[PDB]
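Asker: I'd like to ask you about the structure that follows.
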Ligand SMILES: [Mg+2]
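Protein chains in written order, with the authors' numbering: chain C, 1 to 117; chain D, 1 to 117; chain A, 1 to 406, 431 to 1205.
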């Protein structure tokens, strides 16, 4: 009920898998198109259960201070701020290592192009 | 450590004991002078370990929405906001029951006049 | 549900009753305004038709209505409205109970029609009910039966006829003659839309099967008014209203069996009722003298008609029913006719009184119902009843005794005058016995005038009977009293009541229950039994010491049961501790009291214990309680302790109370760190401006609690203007002992050196000029287990004062002196190892050498050695003497606790006990080290000499100290401002100087290992570990994040190093020493710290613009982000520069004497956490 054990690593793995799914489905070919592909990948990664959110912030791998002042919601609820922090951390981590999947997909599609036939 | 089980009830009990000790030490004999006593009691009651704060916020007895917009800190850290929320909740809960202690102390100290001897 | 239904139905029912009464009064012509002035309508009648609002009352009702106005002349409108509402409610409840019981003459329900809701069963049985109640109007009613209508007061007429029929044997509620309420009958009350249908539907059938519903109506129905009046103190209006409660039956039976049943058994041993009792307690052993005296005074046998029982607070009447049952059992044992027994019992065997008419009426109704269910010749003959009491006395004369057909006149006048102001004084009014018997004869004369004579004689007899009856009842000199006094709180203290108590006995005038107990003793004959219950807070107070002495001098104990807390199922009752006791009027010096301790037991467990009769301590005398001062009668204490208590002398006048101040402590008491040391008396003699003071704090033994300072300039002339108390201005500046008046947890005494002052909170003890006893011996004794237990036992309230300490015993020895000296030395050594004491010398980790881990291990070993030594000394001092007599086990873990900061249990909470203390503690130590480092940079501490170096005011004389050579190994800053950034641009960066400090202290061979150890130690508890970073980055992050909080917590919201911050983005942060702040500080900060930073930001902003443009790609997200970072910082720093210039244009001068609390709010929005320190929001210009 009020007890849960979810770590940041599970969230990161889920986000990584969803990013791979998005880049495969949408047929991303350029780096600038990755932004949105990352954004959606983060959207379906932040938990909505309050217990899970509180357990994630106590895990290892996520800091407790914002880096950009433009990503803080102007609200009175504390769930939104924590969700925004998780979203920013996931965005940074995913964008840190993202060209690998893009170039792998590009080389694979080049291999199986079969002379455009 | 991380596996910390600290609830809002323990914090409330500690704050109540501190308030009783402060009102006994200071010897306040008026209803409208309890603001300083309750402020002092509430200040030295919130924890500082981040794991304790995250375990308290997920406990039973404290909500997740601010009631006053003027108590929101202006900072980029998330521990400060949670501490302010806990402080406000404790202040409201303790100010709910504050006249009983004052009148009990007054009626108890009334019985030690010794006819000015 | 069943009990909650009455509670939830009482308020709306009472409101409806009051609204109906006031509406009918207004329609009649009686109106009341907010002020309460009468608004009687004009009695102008055109003739044979009264011009009211919408009603045409008969002219014959006009005079009776005037009586209501007459009532308005003698009693308030609210009082009569409440009385009428209660009368109607009681009558409807009585008739409903009677019709539900099915004991009517015709056996037909009146208000409720079976199998037909919202109707009357008598509607179909009109002729039978008519001939059963009013035959003369039967045929006319039959005519109404022919109409099939007229649901008007004709039904109320039948109800009045039923009441008149019941008046033959029940005259105290139903009257055959026309009543005042007959004129005020509510309009359409018989209609199905009235409150009668709501009463029928709301009240179920099952709840009528209970027998305690009378008490439910007595208590729950008035609970709303009690809650309404609990807010404000009542003086004379709600005296009986707020003193209504239900009493459990089992304690009533226990008291009754030990009051009259015990007396009945002791009267003659041949009573076969030995097996008929279950709560009776048989005494085990007594001295032969008291046994012979009891045998001599006890008559061989007495008639069963001589039993006298008084109940000053009958309340619901359960005690009356229990007494009636016991008397019936006794008479059946003796052998008597089963029908005359209730008559004789009500004649000369059961009596009672009360203050509320409602309680008396309910008790009478319950008694009559029980008699009807028991006797069969009742309800056909009639019998007088004694329930009401303390009725108001009318002043009408020359008419009451005119019809009397006349010594007794003077007595009648006196008793008429006495009963005038009877409501306020309660049941405490007494009448001399000599005027009783003749008065009783007067009552018989009234019985001879009740039916003999015309109507005027009967009216006079009815007016004169009640006062004579009340006087006779209160002057019966009963032999057994069983009642529970009511509870009086803050509202019970009245000015007139206090005056009456002063006129009465003042020994126990503090509370009303003690006065009730005293009066019950007074109204009890010789060799009587008084069984009562009360609260526990009557045996452990200084006020009741004289009362206890009087009780043990004039009476004796028989059986006391300590009910204690956990009563009534633990519902409400913040103070539920209670006791019961039975007292014999005969004085027994060497009696053997019997005590049962049922404390902290639930009701079921308490009943089980009472039935099993365990935990009995019949091992004490009656005069033994006189040995301990104050007579604190206790049963767990052994006789050896009592005997040994008086074998040792106690402290004399060596205890002296502290001085007192009348207020404005904010301008007198300040903490020591926030003042100059030149004006300090303990350091730097020459000026006597500030002096140490003692106030007492948490638990601490033999040393500590030195953290407050008072102003005592010129022997005191500034505070002498107020002249609060200036108590004992002769024993100052002398060594001795101190202890805390406040409760806290236990009792402890600490050493007090010279040059100190003591306040009211901390009281002081000084040795005499040439006394044999020594101070160290006193300190050794006062911390012993024996004295702790004695102090806990004497005053469980934990309010140790001067009067309660001048009787503690003290022993004499020789080793106790050296043991106390060693304990004091160890405690002082433990206390003087932190920065918060003015005897701090050096840190405990830099005095060793080698490795940081080696130093930490040495520190831990030192602390463990101190702890073990103190534990061994405590064990030795406990075993050395221990009175060399009997002793008890450890009372509490608090009484066997060692108070040291080294003891981790005492430091990190005594409740939690985990292995995490092995980590957190470590981190804390490292934090302290870092703080000391800053103390070296700011100039407060130095690595060459010991103690404080510079703590003066105004940054004057620092140049001389710097030139002399105080700071040579570790140079100190000259400006006094330490920047705090995330870059090494400045040469005053705190992290660089911390690294330099570490390298200087521990060499330059394993600097990296030391830095790694420090960084790892900080991340354990203080902050959160990160992914990957060097030690220096962790140190910088800790300094920028979790250093201000720790410093502000250490000094308790009185910071020494003030923080200047820019705002949301940490563009500029600085630390300023409070004692090195002159009037030219802000200008330097603006000049040589802010402008170069702005120039650097501007020069770095444009450079990154071209970097992003060149080689733009996947790194463009990583890049240009800093470009967004520097945009906000520039504008924020510009705004801060504008504010700083505005404030620096004004030359602000500060004074340390004012204090941080006031001086911290003179800089506007330039500091940090202004509201958290000053208490009010900052003001922006
Ligand atoms: Mg400097």
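No residue lacks a Cβ here, since even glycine has one placed at the ideal position from N, Cα and C.
Around the Cβ of residue 977/A, are there at least 16 other Cβ atoms within 10 angstroms (buried) or fewer (exposed)?
Answerer: In the third chain, counting from the first residue as 1, residue 977/A sits at position 953. So residue 977/A ends up on the buried side.
Asker: Under 5 Å, CB to any heavy atom of ligand 1. Which residues pass, going along the chain?
Answerer: Going by the Cβ distance cut-off, the answer is 997/A, 999/A, 1001/A, 1012/A.
Asker: For residue 1084/A, which beta-bridge partners are listed by DSSP?
Answerer: The residue given as residue 1084/A occupies position 1060 in the third chain. Answer is 1094/A, 1191/A, bridged to residue 1084/A.
Asker: So is residue 65/D in contact with chain C if we call contact Cβ pairs under 8 Å?
Answerer: Walking along the second chain from the start, residue 65/D turns up at place 65. Answer yes: the Cβ-Cβ gap between residue 65/D and chain C drops below 8 Å somewhere.
Asker: Of all Cβ atoms in chain D, is any one closer than 8 Å to the Cβ of residue 940/A?
Answerer: Counting from 1 along the third chain, the entry for residue 940/A is found at position 916. Chain D contact via Cβ: present.
Asker: Could you list the residues in the stretch 1186-1200 of chain A with a C-beta less than 7 Å from some C-beta on chain D, going in chain order?
Answerer: Residues 1199.
Asker: Excluding five sequence neighbours on each side, which residues of the same chain lie with their C-beta closer than 6 Å to the C-beta of residue 1135/A?
Answerer: Mapped onto the third chain, residue 1135/A falls at position 1111. Counting only Cβ-Cβ distances below 6 Å, and skipping sequence neighbours, we find nothing.
Asker: Give the residues from the stretch 18-29 of chain D that approach chain A closer than 7 Å (Cβ to any Cβ), ordered along the chain.
Answerer: Taking 7 Å as the Cβ-Cβ cut-off against chain A, the residues of the stretch 18-29 of chain D that qualify are 24, 25.
Asker: Check for me: the beta strand (DSSP E) holding residue 1214/A runs from which residue to which?
Answerer: Chain A is shown from 1 up to 1205; residue 1214/A falls before or after that span and cannot be answered.
Asker: Identify the residues that DSSP records as bridge partners of residue 640/A: which are they?
Answerer: Residue numbering aside, residue 640/A sits at position 616 when the third chain is read from its first letter. Note: residue 640/A sits in a beta bridge opposite 620/A.
Asker: In chain D, which residues lie with their C-beta within 8 Å of the C-beta of residue 514/A?
Answerer: The residue given as residue 514/A occupies position 490 in the third chain. Correct list: 103, 107.
Asker: Determine the closest residue to residue 389/A out of 447/A, 1033/A, 397/A, 438/A, with distance taken between C-alpha atoms.
Answerer: Your numbering for residue 389/A matches position 389 in the third chain. Looking at the Cα atoms, 447/A is the closest of the given residues.
Asker: Could you tell me if residue 457/A is buried or exposed, where buried requires 16 or more neighbouring beta carbons within 10 angstroms of its beta carbon?
Answerer: Taking the third chain and counting its residues from 1, one reaches residue 457/A at position 433. Answer is exposed; the Cβ neighbour count stays below 16.
Asker: Can you tell me whether residue 514/A is buried or exposed? The criterion is at least 16 other CB atoms within 10 Å of its CB, across all chains shown.
Answerer: Position 490 of the third chain, counting from 1, holds the residue named residue 514/A. Residue 514/A is exposed by the Cβ-count criterion.
Asker: Using the C-alpha atoms, what's the distance from residue 300/A back to residue 268/A?
Answerer: The count along the third chain starts at 1 and reaches residue 268/A at position 268. The count along the third chain starts at 1 and reaches residue 300/A at position 300. Answer to the nearest angstrom: the Cα atoms are 6 Å apart.
Asker: Could you tell me whether the Cβ atoms of residue 169/A and residue 381/A are closer together than 8 Å?
Answerer: The sequence position of residue 169/A within the third chain is 169, counting from 1. The sequence position of residue 381/A within the third chain is 381, counting from 1. Cβ distance < 8 Å, so residue 169/A and residue 381/A count as in contact.
Asker: Am I right that residue 672/A and residue 834/A are in contact with their C-beta atoms under 8 Å? What's the rounded C-beta distance?
Answerer: Sequence index remark: in the third chain, residue 672/A carries index 648 (1-based). Sequence index remark: in the third chain, residue 834/A carries index 810 (1-based). Right, their Cβ atoms sit about 7 Å apart.
Asker: Going along the chain, which residues of its own chain have a beta-carbon closer than 8 Å to the beta-carbon of residue 890/A, five neighbours each way excluded?
Answerer: The residue you call residue 890/A lines up with position 866 of the third chain. The answer, listed in chain order, is 850, 853, 854, 924, 926.
Asker: Using 8 Å as the threshold, is the stretch 503-522 of chain A in touch with the stretch 298-318 of chain A, meaning 3 or more CB pairs across them?
Answerer: The stretch 503-522 of chain A, when compared against the stretch 298-318 of chain A, does touch it at the 8 Å Cβ threshold.
Asker: Can you list the residues of chain C that residue 1089/A reaches, using a CB-CB cut of under 9 Å?
Answerer: Position 1065 of the third chain, counted from the start, is the residue given in the question as residue 1089/A. Within 9 Å Cβ-Cβ: 69.
Asker: Starting from the C-beta of residue 200/A, find all residues in its chain whose C-beta is less than 7 Å away, skip the five residues before and the five after it, and write them out in chain order.
Answerer: Taking the third chain and counting its residues from 1, one reaches residue 200/A at position 200. Counting only Cβ-Cβ distances below 7 Å, and skipping sequence neighbours, we find 111, 112.
Asker: Which class does residue 554/A belong to by DSSP, given the choice of helix, strand or coil?
Answerer: The residue labelled residue 554/A in the question sits at position 530 within the third chain. Looking at residue 554/A - three-state DSSP - the assignment turns out to be strand.
Asker: Got a sec? Which residues, its chain only, sit under 6 Å from residue 192/A by beta carbon, not counting five neighbours each side?
Answerer: If you number the third chain from 1, residue 192/A lands on position 192. Taken in chain order, the residues that qualify are 118.
Asker: Kindly say whether residue 766/A, judged by its beta-carbon, lies nearer than 8 Å to any beta-carbon of chain D.
Answerer: Here residue 766/A refers to the residue found at position 742 of the third chain. Residue 766/A counts as touching chain D.
Asker: From what residue to what residue does the alpha helix (DSSP H) around residue 63/A run?
Answerer: Here the question's residue 63/A lines up with position 63 in the third chain. Looking at the DSSP string, the run of the alpha helix (DSSP H) that includes residue 63/A is 61-74.
Asker: Would you call the stretch 360-369 of chain A and the stretch 209-225 of chain A in contact, with 3 or more CB pairs under 8 Å?
Answerer: Enough Cβ pairs lie closer than 8 Å, so yes.
Asker: Just to confirm, is the Cβ distance from residue 1189/A to residue 1204/A under 8 Å?
Answerer: Residue 1189/A sits at position 1165 when you count from the first residue of the third chain. Residue 1204/A sits at position 1180 when you count from the first residue of the third chain. It is a contact, given that the beta carbons lie within the stated cut-off.
Asker: Would you tell me roughly how many angstroms separate the C-alpha atoms of residue 129/A and residue 106/A, rounded to the nearest one?
Answerer: Stepping through the third chain from its first residue, residue 129/A is reached at position 129. Stepping through the third chain from its first residue, residue 106/A is reached at position 106. In a straight line, the C-alpha of residue 129/A is about 7 Å away from that of residue 106/A.
Asker: In the DSSP assignment, find the unbroken beta strand (DSSP E) run with residue 846/A in it and report its ends.
Answerer: For this step, residue 846/A is matched to residue 822 along the third chain. Not the beta strand (DSSP E): residue 846/A falls in the alpha helix (DSSP H), residues 839-855.
Asker: Please determine if the stretch 968-983 of chain A and the stretch 1098-1106 of chain A are in contact, where contact requires at least 3 C-beta pairs separated by less than 8 Å.
Answerer: They touch, by the three-pair rule.
Asker: My understanding is that residue 901/A touches residue 843/A, with C-beta atoms under 8 Å, so please give their C-beta distance in whole angstroms.
Answerer: Counted from its first residue, the third chain places residue 901/A at position 877. Counted from its first residue, the third chain places residue 843/A at position 819. With 8 Å as the limit, residue 901/A and residue 843/A qualify as a contact, their Cβ atoms being about 5 Å apart.
Asker: My guess is that residue 1249/A and residue 928/A are in contact by the Cβ rule of under 8 Å, so how many angstroms apart are they, rounded?
Answerer: Residue 1249/A lies beyond the residue range present for chain A, which begins at 1 and ends at 1205; the question has no answer from this structure.
Asker: Under 8 Å: do the stretch 26-42 of chain D and the stretch 85-104 of chain D share three or more Cβ pairs, one atom per stretch?
Answerer: With the cut-off at 8 Å, the stretch 26-42 of chain D and the stretch 85-104 of chain D touch.
Asker: Within 10 angstroms of the Cβ of residue 1166/A, are there 16 or more other Cβ atoms? Answer buried if so, exposed if not.
Answerer: For the purposes of this step, residue 1166/A is taken as residue 1142 along the third chain, with counting starting at 1. Answer is exposed; the Cβ neighbour count stays below 16.
Asker: Within a Cβ cutoff of 8 Å, which residues of the same chain sit near residue 667/A, ignoring the five residues on either side of it in sequence?
Answerer: Numbered from 1 along the third chain, position 643 holds the residue referred to as residue 667/A. For residue 667/A, where only same-chain residues beyond five positions count, the Cβ hits under 8 Å are 651.
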